[PDB]
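Structure file start-v3.pdb; described as PDB, C-alpha atoms and all ligand atoms.
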```
ATOM      1  CA  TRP Y   6     113.422 119.201 114.896
ATOM      2  CA  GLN Y   7     111.278 118.505 111.820
ATOM      3  CA  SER Y   8     107.824 119.775 110.845
ATOM      4  CA  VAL Y   9     104.834 117.519 110.318
ATOM      5  CA  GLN Y  10     105.139 117.963 106.587
ATOM      6  CA  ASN Y  11     108.869 117.281 106.612
ATOM      7  CA  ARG Y  12     108.334 114.093 108.583
ATOM      8  CA  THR Y  13     105.330 112.971 106.563
ATOM      9  CA  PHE Y  14     106.995 113.596 103.219
ATOM     10  CA  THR Y  15     110.123 111.784 104.447
ATOM     11  CA  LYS Y  16     108.047 108.776 105.470
ATOM     12  CA  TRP Y  17     106.243 108.832 102.083
ATOM     13  CA  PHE Y  18     109.613 109.031 100.259
ATOM     14  CA  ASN Y  19     110.861 106.061 102.290
ATOM     15  CA  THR Y  20     107.838 103.867 101.575
ATOM     16  CA  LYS Y  21     108.814 104.206  97.909
ATOM     17  CA  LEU Y  22     112.566 103.691  98.368
ATOM     18  CA  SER Y  23     112.004 100.676 100.648
ATOM     19  CA  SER Y  24     110.018  99.015  97.874
ATOM     20  CA  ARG Y  25     113.461  98.388  96.303
ATOM     21  CA  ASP Y  26     115.520  97.991  99.492
ATOM     22  CA  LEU Y  27     117.172 101.353  98.865
ATOM     23  CA  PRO Y  28     118.752 103.433 101.655
ATOM     24  CA  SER Y  29     116.369 105.772 103.478
ATOM     25  CA  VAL Y  30     116.055 109.504 103.730
ATOM     26  CA  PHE Y  31     116.669 110.726 107.286
ATOM     27  CA  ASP Y  32     117.116 114.444 106.624
ATOM     28  CA  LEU Y  33     115.680 116.090 103.526
ATOM     29  CA  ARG Y  34     118.077 119.012 104.024
ATOM     30  CA  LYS Y  35     121.050 116.817 103.221
ATOM     31  CA  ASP Y  36     120.086 113.409 101.890
ATOM     32  CA  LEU Y  37     118.919 114.474  98.408
ATOM     33  CA  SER Y  38     121.907 116.709  97.696
ATOM     34  CA  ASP Y  39     123.734 114.287  95.392
ATOM     35  CA  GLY Y  40     120.639 113.612  93.287
ATOM     36  CA  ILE Y  41     120.713 109.828  93.613
ATOM     37  CA  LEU Y  42     117.683 109.202  95.849
ATOM     38  CA  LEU Y  43     115.626 111.685  93.859
ATOM     39  CA  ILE Y  44     116.452 109.858  90.631
ATOM     40  CA  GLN Y  45     115.663 106.517  92.227
ATOM     41  CA  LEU Y  46     112.369 107.871  93.636
ATOM     42  CA  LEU Y  47     111.380 109.055  90.154
ATOM     43  CA  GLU Y  48     112.119 105.660  88.598
ATOM     44  CA  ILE Y  49     109.879 104.060  91.227
ATOM     45  CA  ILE Y  50     106.875 106.380  91.185
ATOM     46  CA  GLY Y  51     107.195 107.091  87.457
ATOM     47  CA  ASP Y  52     107.685 103.423  86.426
ATOM     48  CA  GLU Y  53     110.574 104.351  84.168
ATOM     49  CA  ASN Y  54     114.260 103.699  83.779
ATOM     50  CA  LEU Y  55     115.987 107.072  83.881
ATOM     51  CA  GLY Y  56     119.235 105.520  82.597
ATOM     52  CA  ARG Y  57     122.782 106.282  83.644
ATOM     53  CA  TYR Y  58     123.778 108.846  86.252
ATOM     54  CA  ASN Y  59     126.722 109.519  88.544
ATOM     55  CA  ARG Y  60     126.683 106.861  91.274
ATOM     56  CA  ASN Y  61     129.742 108.300  93.079
ATOM     57  CA  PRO Y  62     129.106 112.053  92.732
ATOM     58  CA  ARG Y  63     131.946 113.180  94.935
ATOM     59  CA  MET Y  64     132.378 116.440  93.000
ATOM     60  CA  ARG Y  65     129.771 119.217  92.994
ATOM     61  CA  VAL Y  66     129.560 119.170  89.170
ATOM     62  CA  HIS Y  67     128.263 115.583  89.274
ATOM     63  CA  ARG Y  68     125.700 116.273  91.989
ATOM     64  CA  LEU Y  69     124.369 119.133  89.907
ATOM     65  CA  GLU Y  70     124.299 116.822  86.868
ATOM     66  CA  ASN Y  71     122.280 114.234  88.787
ATOM     67  CA  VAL Y  72     119.818 116.733  90.146
ATOM     68  CA  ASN Y  73     119.437 118.408  86.752
ATOM     69  CA  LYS Y  74     118.635 114.969  85.262
ATOM     70  CA  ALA Y  75     115.862 114.559  87.832
ATOM     71  CA  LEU Y  76     114.454 118.035  87.285
ATOM     72  CA  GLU Y  77     114.477 117.624  83.527
ATOM     73  CA  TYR Y  78     112.557 114.335  83.897
ATOM     74  CA  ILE Y  79     109.988 116.046  86.130
ATOM     75  CA  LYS Y  80     109.591 118.879  83.617
ATOM     76  CA  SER Y  81     109.275 116.380  80.745
ATOM     77  CA  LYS Y  82     106.182 114.979  82.480
ATOM     78  CA  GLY Y  83     104.546 118.422  82.538
ATOM     79  CA  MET Y  84     105.085 119.188  86.208
ATOM     80  CA  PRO Y  85     105.869 122.745  87.285
ATOM     81  CA  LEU Y  86     109.357 123.433  88.592
ATOM     82  CA  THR Y  87     108.469 126.962  89.554
ATOM     83  CA  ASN Y  88     111.520 128.676  90.991
ATOM     84  CA  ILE Y  89     113.656 125.583  91.641
ATOM     85  CA  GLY Y  90     117.024 124.775  90.098
ATOM     86  CA  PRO Y  91     119.629 122.091  90.752
ATOM     87  CA  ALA Y  92     121.674 124.132  93.230
ATOM     88  CA  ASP Y  93     118.580 124.600  95.408
ATOM     89  CA  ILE Y  94     118.555 120.842  95.939
ATOM     90  CA  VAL Y  95     122.338 120.343  96.110
ATOM     91  CA  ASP Y  96     122.491 123.095  98.778
ATOM     92  CA  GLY Y  97     119.533 121.855 100.798
ATOM     93  CA  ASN Y  98     116.880 124.538 100.442
ATOM     94  CA  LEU Y  99     114.294 122.722 102.587
ATOM     95  CA  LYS Y 100     111.358 124.942 101.555
ATOM     96  CA  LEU Y 101     111.958 124.285  97.871
ATOM     97  CA  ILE Y 102     112.664 120.610  98.493
ATOM     98  CA  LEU Y 103     109.336 120.135 100.324
ATOM     99  CA  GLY Y 104     107.624 121.989  97.476
ATOM    100  CA  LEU Y 105     109.131 119.641  94.958
ATOM    101  CA  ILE Y 106     108.188 116.533  96.917
ATOM    102  CA  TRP Y 107     104.597 117.790  97.133
ATOM    103  CA  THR Y 108     104.582 118.205  93.351
ATOM    104  CA  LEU Y 109     105.611 114.530  93.077
ATOM    105  CA  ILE Y 110     103.023 113.360  95.632
ATOM    106  CA  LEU Y 111     100.345 115.291  93.796
ATOM    107  CA  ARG Y 112     101.266 113.883  90.422
ATOM    108  CA  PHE Y 113     102.114 110.304  91.299
ATOM    109  CA  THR Y 114      99.818 109.606  94.245
ATOM    110  CA  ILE Y 115      96.835 111.915  93.887
ATOM    111  CA  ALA Y 116      96.338 112.892  90.249
ATOM    112  CA  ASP Y 117      95.050 109.451  89.147
ATOM    113  CA  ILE Y 118      92.525 109.213  92.001
ATOM    114  CA  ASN Y 119      89.044 109.187  90.433
ATOM    115  CA  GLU Y 120      85.548 109.200  91.957
ATOM    116  CA  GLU Y 121      82.357 109.924  89.955
ATOM    117  CA  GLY Y 122      84.476 111.509  87.229
ATOM    118  CA  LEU Y 123      86.239 113.894  89.581
ATOM    119  CA  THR Y 124      90.003 113.493  89.742
ATOM    120  CA  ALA Y 125      92.926 114.353  91.970
ATOM    121  CA  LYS Y 126      92.168 116.402  95.102
ATOM    122  CA  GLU Y 127      88.474 116.831  94.202
ATOM    123  CA  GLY Y 128      88.212 113.135  93.513
ATOM    124  CA  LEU Y 129      89.814 112.116  96.752
ATOM    125  CA  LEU Y 130      87.582 114.459  98.758
ATOM    126  CA  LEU Y 131      84.446 113.189  97.050
ATOM    127  CA  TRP Y 132      85.544 109.571  97.675
ATOM    128  CA  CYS Y 133      85.900 110.367 101.367
ATOM    129  CA  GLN Y 134      82.483 112.006 101.403
ATOM    130  CA  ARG Y 135      80.763 109.116  99.640
ATOM    131  CA  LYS Y 136      82.450 106.460 101.771
ATOM    132  CA  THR Y 137      81.441 108.272 105.006
ATOM    133  CA  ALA Y 138      77.910 109.148 103.899
ATOM    134  CA  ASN Y 139      76.361 106.915 106.556
ATOM    135  CA  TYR Y 140      78.253 108.529 109.463
ATOM    136  CA  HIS Y 141      76.562 111.918 109.602
ATOM    137  CA  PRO Y 142      76.318 114.036 111.623
ATOM    138  CA  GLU Y 143      79.405 113.135 113.689
ATOM    139  CA  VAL Y 144      81.534 112.648 110.585
ATOM    140  CA  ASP Y 145      81.393 115.401 107.976
ATOM    141  CA  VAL Y 146      84.315 115.465 105.570
ATOM    142  CA  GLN Y 147      84.503 118.974 104.134
ATOM    143  CA  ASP Y 148      88.280 119.369 103.751
ATOM    144  CA  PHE Y 149      91.652 117.754 104.377
ATOM    145  CA  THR Y 150      92.220 119.616 107.634
ATOM    146  CA  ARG Y 151      89.717 120.126 110.447
ATOM    147  CA  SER Y 152      87.405 117.323 109.297
ATOM    148  CA  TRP Y 153      90.054 114.777 110.359
ATOM    149  CA  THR Y 154      91.293 115.995 113.746
ATOM    150  CA  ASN Y 155      88.788 114.146 115.961
ATOM    151  CA  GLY Y 156      89.725 110.663 114.691
ATOM    152  CA  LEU Y 157      86.239 109.661 113.598
ATOM    153  CA  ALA Y 158      86.576 110.077 109.833
ATOM    154  CA  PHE Y 159      89.566 107.690 109.806
ATOM    155  CA  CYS Y 160      87.633 105.218 111.966
ATOM    156  CA  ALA Y 161      84.527 105.477 109.768
ATOM    157  CA  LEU Y 162      86.535 104.870 106.593
ATOM    158  CA  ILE Y 163      87.967 101.688 108.080
ATOM    159  CA  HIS Y 164      84.658 100.507 109.509
ATOM    160  CA  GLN Y 165      82.690 100.915 106.269
ATOM    161  CA  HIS Y 166      85.372  99.039 104.343
ATOM    162  CA  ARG Y 167      85.903  96.281 106.956
ATOM    163  CA  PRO Y 168      83.250  96.308 109.687
ATOM    164  CA  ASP Y 169      84.875  93.243 111.229
ATOM    165  CA  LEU Y 170      88.097  95.206 111.971
ATOM    166  CA  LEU Y 171      86.813  98.240 113.833
ATOM    167  CA  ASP Y 172      83.524  98.347 115.744
ATOM    168  CA  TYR Y 173      82.637 101.996 115.138
ATOM    169  CA  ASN Y 174      79.442 102.054 117.204
ATOM    170  CA  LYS Y 175      81.336 100.900 120.301
ATOM    171  CA  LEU Y 176      83.812 103.821 120.182
ATOM    172  CA  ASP Y 177      83.747 106.537 122.791
ATOM    173  CA  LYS Y 178      83.389 109.343 120.250
ATOM    174  CA  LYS Y 179      84.858 111.843 122.709
ATOM    175  CA  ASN Y 180      88.207 110.004 122.933
ATOM    176  CA  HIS Y 181      89.784 111.557 119.874
ATOM    177  CA  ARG Y 182      93.314 110.396 120.716
ATOM    178  CA  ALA Y 183      92.417 106.761 121.406
ATOM    179  CA  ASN Y 184      90.237 106.604 118.296
ATOM    180  CA  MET Y 185      92.931 108.173 116.083
ATOM    181  CA  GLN Y 186      95.495 105.718 117.420
ATOM    182  CA  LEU Y 187      93.101 102.805 116.843
ATOM    183  CA  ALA Y 188      92.500 103.786 113.216
ATOM    184  CA  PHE Y 189      96.186 104.317 112.439
ATOM    185  CA  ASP Y 190      97.071 100.971 114.071
ATOM    186  CA  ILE Y 191      94.357  98.977 112.324
ATOM    187  CA  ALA Y 192      95.101 100.620 108.948
ATOM    188  CA  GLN Y 193      98.751  99.638 109.280
ATOM    189  CA  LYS Y 194      98.414  96.171 110.822
ATOM    190  CA  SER Y 195      95.405  94.853 108.908
ATOM    191  CA  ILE Y 196      95.216  96.920 105.724
ATOM    192  CA  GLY Y 197      98.915  97.554 104.956
ATOM    193  CA  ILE Y 198      98.499 101.333 105.042
ATOM    194  CA  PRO Y 199     101.834 102.889 106.111
ATOM    195  CA  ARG Y 200     101.805 105.165 109.134
ATOM    196  CA  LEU Y 201     102.754 108.402 107.390
ATOM    197  CA  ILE Y 202     101.508 110.702 110.190
ATOM    198  CA  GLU Y 203     101.727 110.520 113.956
ATOM    199  CA  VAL Y 204      98.601 110.724 116.070
ATOM    200  CA  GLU Y 205      99.893 113.940 117.686
ATOM    201  CA  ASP Y 206     100.378 115.491 114.248
ATOM    202  CA  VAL Y 207      96.599 115.664 113.631
ATOM    203  CA  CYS Y 208      94.612 114.774 116.798
ATOM    204  CA  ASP Y 209      92.917 117.906 118.098
ATOM    205  CA  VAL Y 210      95.286 120.126 116.120
ATOM    206  CA  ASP Y 211      93.858 123.561 115.467
ATOM    207  CA  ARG Y 212      95.663 124.055 112.129
ATOM    208  CA  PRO Y 213      96.708 120.636 110.813
ATOM    209  CA  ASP Y 214      98.896 120.293 107.743
ATOM    210  CA  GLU Y 215      96.697 119.802 104.690
ATOM    211  CA  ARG Y 216      99.307 118.257 102.406
ATOM    212  CA  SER Y 217     100.341 115.749 105.065
ATOM    213  CA  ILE Y 218      96.750 114.684 105.660
ATOM    214  CA  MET Y 219      96.104 114.392 101.925
ATOM    215  CA  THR Y 220      99.214 112.268 101.486
ATOM    216  CA  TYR Y 221      98.078 109.846 104.205
ATOM    217  CA  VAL Y 222      94.377 109.730 103.205
ATOM    218  CA  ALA Y 223      95.441 108.936  99.599
ATOM    219  CA  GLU Y 224      96.907 105.675 101.001
ATOM    220  CA  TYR Y 225      93.400 104.709 102.116
ATOM    221  CA  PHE Y 226      91.953 105.347  98.663
ATOM    222  CA  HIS Y 227      94.586 103.262  96.895
ATOM    223  CA  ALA Y 228      94.655 100.414  99.411
ATOM    224  CA  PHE Y 229      90.897 100.142  99.811
ATOM    225  CA  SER Y 230      90.324 100.357  96.062
ATOM    226  CA  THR Y 231      92.934  97.690  95.320
ATOM    227  CA  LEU Y 232      91.703  95.382  98.029
ATOM    228  CA  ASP Y 233      88.105  95.789  96.828
ATOM    229  CA  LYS Y 234      88.852  94.597  93.235
TER     230      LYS Y 234
HETATM  231 ZN    ZN W   1      86.405  98.939 100.696
HETATM  232 ZN    ZN W   2      91.485 127.742 115.636
HETATM  233 ZN    ZN W   3      99.886 121.757 103.737
END
```
For this file, produce the structure as structure tokens.
Amino acid sequence: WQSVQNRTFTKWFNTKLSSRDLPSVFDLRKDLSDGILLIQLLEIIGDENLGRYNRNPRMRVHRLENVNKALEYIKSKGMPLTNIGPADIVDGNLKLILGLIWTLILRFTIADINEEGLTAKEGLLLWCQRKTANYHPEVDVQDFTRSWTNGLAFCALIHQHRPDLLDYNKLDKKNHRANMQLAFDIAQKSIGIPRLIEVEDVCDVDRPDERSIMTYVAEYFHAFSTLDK
């Protein structure tokens, strides 16, 4: 069994790796232990060549070397590695691994988001608010949790960007699950937005995972913005 955040972060990681036909992550407890996929991820999201590393790290010393290379790169970019060391990754500390991946999502997916001079999380929230301004009172984006669980904010974002793809006014606003599914399907099929979260992970969830939602909503910002150039 894997948590929403585990699954969402794994899917995010894989969208990056697949951009270079690299092998996927299936289990974050085990699949980062030799340091290779972490290094490759960093090259991809960081747009840099990290140079040579151990490509057959059969011995523990070489896995630690690989992971240490990754962590040093992350530190060199000014990201906090609060209370994580190479052995935490080699030995599959899932809590610390998810923490690290969030640090990377925040830096490489969210930090550069900008709306009205606000950046990062604030910027992304404000973008959502501005883009859904015409959908009050039923849509009211106030956070990256409860504001998203009825499906309508996702549908409104799609509709305002491409009113030909999703007829918002024809939705049965009470069918949260059908509307969520519709948005996720249209986003993926027509807008190229990867399905980082399952409908059941957010639809009518009392305490949805904030970081997972943020990770997925950031895909809307980047795709919409790029497509609107
Ligand atoms: Zn747009
Ligand atoms: Zn509650
Ligand atoms: Zn969270």
Got a sec to resolve the PyMOL selection byres (((chain Y and resi 160) around 9) and not hetatm) on this structure and send the residues as a PyMOL selection string?
chain Y and resi 156-159+161-165+171-173+184-185+187-189
Restricting to all atoms listed in the file, whichever of Y:45, Y:139, Y:154, Y:230 is closest to residue 203 in chain Y is Y:154
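Closest approach to ligand ZN 1 (chain W) from the set Y:35, Y:166, Y:151, Y:234 is made by Y:166, with distances taken over only C-alpha atoms and all ligand atoms.
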I'd like a table as a tab-separated table: residues in chain Y with an atom no more than 12 Å from ligand ZN 2 (chain W), each row giving the shortest atom pair and its distance in Å to one decimal, only C-alpha atoms and all ligand atoms counted, sorted by chain and rising residue number.
```
residue	atom	partner	partner_atom	distance
Y:150	CA	W:ZN2	ZN	11.4
Y:151	CA	W:ZN2	ZN	9.4
Y:154	CA	W:ZN2	ZN	11.9
Y:209	CA	W:ZN2	ZN	10.2
Y:210	CA	W:ZN2	ZN	8.5
Y:211	CA	W:ZN2	ZN	4.8
Y:212	CA	W:ZN2	ZN	6.6
Y:213	CA	W:ZN2	ZN	10.1
```
Residue by residue, what does the PyMOL selection byres (((not hetatm)) within 9 of (chain W and resi 3)) grab here? Present the result as a ChimeraX atom specification.
/Y:10,150,213-219
Add whatever atoms are absent from range 9-40 of chain Y to reach N, CA and C atoms, and provide the output as a PDB file, in the coordinates of the input.
```pdb
ATOM      1  N   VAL Y   9     105.724 118.603 110.716  1.00  0.00           N
ATOM      2  CA  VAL Y   9     104.834 117.519 110.318  1.00  0.00           C
ATOM      3  C   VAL Y   9     104.995 117.186 108.846  1.00  0.00           C
ATOM      4  N   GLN Y  10     105.032 118.201 108.003  1.00  0.00           N
ATOM      5  CA  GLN Y  10     105.139 117.963 106.587  1.00  0.00           C
ATOM      6  C   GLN Y  10     106.483 117.349 106.228  1.00  0.00           C
ATOM      7  N   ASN Y  11     107.564 117.860 106.816  1.00  0.00           N
ATOM      8  CA  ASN Y  11     108.869 117.281 106.612  1.00  0.00           C
ATOM      9  C   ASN Y  11     108.828 115.788 106.955  1.00  0.00           C
ATOM     10  N   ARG Y  12     108.322 115.462 108.134  1.00  0.00           N
ATOM     11  CA  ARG Y  12     108.334 114.093 108.583  1.00  0.00           C
ATOM     12  C   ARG Y  12     107.432 113.232 107.721  1.00  0.00           C
ATOM     13  N   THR Y  13     106.274 113.753 107.348  1.00  0.00           N
ATOM     14  CA  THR Y  13     105.330 112.971 106.563  1.00  0.00           C
ATOM     15  C   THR Y  13     105.865 112.701 105.168  1.00  0.00           C
ATOM     16  N   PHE Y  14     106.398 113.738 104.544  1.00  0.00           N
ATOM     17  CA  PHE Y  14     106.995 113.596 103.219  1.00  0.00           C
ATOM     18  C   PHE Y  14     108.192 112.656 103.247  1.00  0.00           C
ATOM     19  N   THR Y  15     108.991 112.704 104.307  1.00  0.00           N
ATOM     20  CA  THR Y  15     110.123 111.784 104.447  1.00  0.00           C
ATOM     21  C   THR Y  15     109.615 110.355 104.530  1.00  0.00           C
ATOM     22  N   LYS Y  16     108.587 110.122 105.340  1.00  0.00           N
ATOM     23  CA  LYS Y  16     108.047 108.776 105.470  1.00  0.00           C
ATOM     24  C   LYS Y  16     107.466 108.289 104.127  1.00  0.00           C
ATOM     25  N   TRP Y  17     106.788 109.174 103.392  1.00  0.00           N
ATOM     26  CA  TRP Y  17     106.243 108.832 102.083  1.00  0.00           C
ATOM     27  C   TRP Y  17     107.393 108.431 101.134  1.00  0.00           C
ATOM     28  N   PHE Y  18     108.434 109.249 101.112  1.00  0.00           N
ATOM     29  CA  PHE Y  18     109.613 109.031 100.259  1.00  0.00           C
ATOM     30  C   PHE Y  18     110.170 107.641 100.577  1.00  0.00           C
ATOM     31  N   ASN Y  19     110.300 107.338 101.864  1.00  0.00           N
ATOM     32  CA  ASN Y  19     110.861 106.061 102.290  1.00  0.00           C
ATOM     33  C   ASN Y  19     109.997 104.855 101.978  1.00  0.00           C
ATOM     34  N   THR Y  20     108.670 104.984 102.020  1.00  0.00           N
ATOM     35  CA  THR Y  20     107.838 103.867 101.575  1.00  0.00           C
ATOM     36  C   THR Y  20     108.144 103.488 100.118  1.00  0.00           C
ATOM     37  N   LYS Y  21     108.476 104.473  99.293  1.00  0.00           N
ATOM     38  CA  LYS Y  21     108.814 104.206  97.909  1.00  0.00           C
ATOM     39  C   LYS Y  21     110.209 103.570  97.787  1.00  0.00           C
ATOM     40  N   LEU Y  22     111.201 104.207  98.396  1.00  0.00           N
ATOM     41  CA  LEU Y  22     112.566 103.691  98.368  1.00  0.00           C
ATOM     42  C   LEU Y  22     112.657 102.270  98.927  1.00  0.00           C
ATOM     43  N   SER Y  23     111.947 101.996 100.019  1.00  0.00           N
ATOM     44  CA  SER Y  23     112.004 100.676 100.648  1.00  0.00           C
ATOM     45  C   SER Y  23     111.416  99.595  99.756  1.00  0.00           C
ATOM     46  N   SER Y  24     110.579  99.987  98.805  1.00  0.00           N
ATOM     47  CA  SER Y  24     110.018  99.015  97.874  1.00  0.00           C
ATOM     48  C   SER Y  24     111.104  98.382  96.985  1.00  0.00           C
ATOM     49  N   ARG Y  25     112.315  98.937  97.030  1.00  0.00           N
ATOM     50  CA  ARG Y  25     113.461  98.388  96.303  1.00  0.00           C
ATOM     51  C   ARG Y  25     114.693  98.274  97.204  1.00  0.00           C
ATOM     52  N   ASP Y  26     114.452  98.177  98.510  1.00  0.00           N
ATOM     53  CA  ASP Y  26     115.520  97.991  99.492  1.00  0.00           C
ATOM     54  C   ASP Y  26     116.609  99.041  99.364  1.00  0.00           C
ATOM     55  N   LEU Y  27     116.217 100.260  99.006  1.00  0.00           N
ATOM     56  CA  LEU Y  27     117.172 101.353  98.865  1.00  0.00           C
ATOM     57  C   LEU Y  27     117.377 102.032 100.216  1.00  0.00           C
ATOM     58  N   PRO Y  28     118.510 102.734 100.389  1.00  0.00           N
ATOM     59  CA  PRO Y  28     118.752 103.433 101.655  1.00  0.00           C
ATOM     60  C   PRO Y  28     117.699 104.505 101.882  1.00  0.00           C
ATOM     61  N   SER Y  29     117.391 104.785 103.142  1.00  0.00           N
ATOM     62  CA  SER Y  29     116.369 105.772 103.478  1.00  0.00           C
ATOM     63  C   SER Y  29     116.856 107.216 103.536  1.00  0.00           C
ATOM     64  N   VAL Y  30     115.876 108.102 103.447  1.00  0.00           N
ATOM     65  CA  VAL Y  30     116.055 109.504 103.730  1.00  0.00           C
ATOM     66  C   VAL Y  30     115.867 109.682 105.236  1.00  0.00           C
ATOM     67  N   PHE Y  31     116.799 110.383 105.869  1.00  0.00           N
ATOM     68  CA  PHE Y  31     116.669 110.726 107.286  1.00  0.00           C
ATOM     69  C   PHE Y  31     116.532 112.229 107.477  1.00  0.00           C
ATOM     70  N   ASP Y  32     117.114 112.988 106.556  1.00  0.00           N
ATOM     71  CA  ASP Y  32     117.116 114.444 106.624  1.00  0.00           C
ATOM     72  C   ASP Y  32     117.047 115.024 105.224  1.00  0.00           C
ATOM     73  N   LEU Y  33     115.874 115.538 104.862  1.00  0.00           N
ATOM     74  CA  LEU Y  33     115.680 116.090 103.526  1.00  0.00           C
ATOM     75  C   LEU Y  33     116.556 117.302 103.235  1.00  0.00           C
ATOM     76  N   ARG Y  34     117.161 117.896 104.254  1.00  0.00           N
ATOM     77  CA  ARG Y  34     118.077 119.012 104.024  1.00  0.00           C
ATOM     78  C   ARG Y  34     119.362 118.549 103.370  1.00  0.00           C
ATOM     79  N   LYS Y  35     119.738 117.301 103.625  1.00  0.00           N
ATOM     80  CA  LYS Y  35     121.050 116.817 103.221  1.00  0.00           C
ATOM     81  C   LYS Y  35     120.999 115.619 102.291  1.00  0.00           C
ATOM     82  N   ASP Y  36     120.005 114.750 102.478  1.00  0.00           N
ATOM     83  CA  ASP Y  36     120.086 113.409 101.890  1.00  0.00           C
ATOM     84  C   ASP Y  36     119.728 113.340 100.404  1.00  0.00           C
ATOM     85  N   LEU Y  37     119.211 114.426  99.840  1.00  0.00           N
ATOM     86  CA  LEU Y  37     118.919 114.474  98.408  1.00  0.00           C
ATOM     87  C   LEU Y  37     119.982 115.229  97.625  1.00  0.00           C
ATOM     88  N   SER Y  38     120.970 115.781  98.317  1.00  0.00           N
ATOM     89  CA  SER Y  38     121.907 116.709  97.696  1.00  0.00           C
ATOM     90  C   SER Y  38     122.709 116.162  96.541  1.00  0.00           C
ATOM     91  N   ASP Y  39     122.968 114.856  96.508  1.00  0.00           N
ATOM     92  CA  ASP Y  39     123.734 114.287  95.392  1.00  0.00           C
ATOM     93  C   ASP Y  39     122.872 113.778  94.240  1.00  0.00           C
ATOM     94  N   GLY Y  40     121.558 113.942  94.362  1.00  0.00           N
ATOM     95  CA  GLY Y  40     120.639 113.612  93.287  1.00  0.00           C
ATOM     96  C   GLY Y  40     120.229 112.159  93.171  1.00  0.00           C
TER      97      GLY Y  40
END
```
